[PDB]
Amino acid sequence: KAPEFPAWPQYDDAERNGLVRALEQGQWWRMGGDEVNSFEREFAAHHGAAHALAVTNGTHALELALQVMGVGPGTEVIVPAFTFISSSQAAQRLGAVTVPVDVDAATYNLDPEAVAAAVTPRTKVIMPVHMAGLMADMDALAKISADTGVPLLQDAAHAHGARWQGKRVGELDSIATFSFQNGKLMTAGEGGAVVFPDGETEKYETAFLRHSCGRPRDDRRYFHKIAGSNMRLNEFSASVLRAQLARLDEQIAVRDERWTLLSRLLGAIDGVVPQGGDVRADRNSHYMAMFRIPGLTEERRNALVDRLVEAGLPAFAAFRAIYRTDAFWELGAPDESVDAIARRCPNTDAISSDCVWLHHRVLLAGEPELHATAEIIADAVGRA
């Protein structure tokens, strides 16, 4: 029969006790308990960050980080055109213009040359996404950052526990955001965080204020200081996140061994090219096991996904080019046309139609199951 992969999410007594501990504090919001506060320190420490701010979800961690980095009406935000819609939707929500840029053909990370060209006097932030756990070129990006003076924002939703040139997400000198959505590498069904490197304490304080209806942590008289929203995380969610956190490093360790095996097996299938590597990214979190089948239309790629699901695999189409979603064109759209953005985003334009991913739970399975998985793929790709 079909191969079997470990469940996701996973839990055990840590989660069980955590939810009880949160419950029995008798206070369920961060102002009366200690679960969110403790999770923030544990999360930040794990990432080498000066501070962490746990929030309702990864899309709001992006909206908050952008907002304290000055994003707003009149500004532009550069984002990879290949990514989950939240990456641009967040800038759109703040009234800014999202400027989508091409990505690398092999890693699928934001392309540095492409961003250098898209820079403008309106650019307020450049947002690399560490695609499927593989960091983007933070050196090349950091250099464009200095030359232009446009700060970087890492969309680290796929990269919990990732490392670039030995450095943790939070030791790269830029703010970064995470997601704890159900399918993420650690999860409480929903959740997010904003992590602030050493030197960004002010933005951290402002972020706290904007995430709590502009209210000082100790205000009693409703002296709301600035605009914002409520993006507070509850204590129940925080306690489940603290148990997830504790298995993260080792889960990533099993995935790194398993991807080594799968990448090679896949790269052996004619027509099939697994996501590329980058040796400066010393610790790839392995959020997705991604591969292209260059030349496939969307419809053939979609049909192949369906055959893979039918054969017992947790396989998906990969992200749609963000300029090909209606959502993107509803507000803050760039003056270009759709073909004009596609013309300068040829890698996105193809990966949008030919890239497949399997759930990161496959990368926890045994070697036998990865062999069985790649046979299934090899057969199905013959018929695609």
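A residue's number is simply how far along the shown sequence it sits, counting from 1.
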property	result
Which of 118 to 126 and 281 to 289 has higher mean CA B factor, as the PDB entry lists it	118 to 126
Of 12 to 20 and 364 to 372, the stretch whose C-alpha atoms average the higher B-factor in the entry	364 to 372
Highest recorded Cα temperature factor - choice among 183, 192, 271, 133	271
Residue of maximum C-alpha B factor among 35, 63, 330, 42, per deposited coordinates	330
Where the record places residue 201 (Cα B-factor, split into thirds across the chain)	highest
Residue 27 by Cα B-factor - lowest, middle or highest third of the modelled chain	lowest
Third of the chain's Cα B-factor distribution that residue 74 belongs to, per the entry	highest
Residue 157 - which third its CA temperature factor falls in, relative to the rest of the chain	lowest
CA B-factor placement of residue 337, once the chain's modelled residues are sorted into thirds	highest
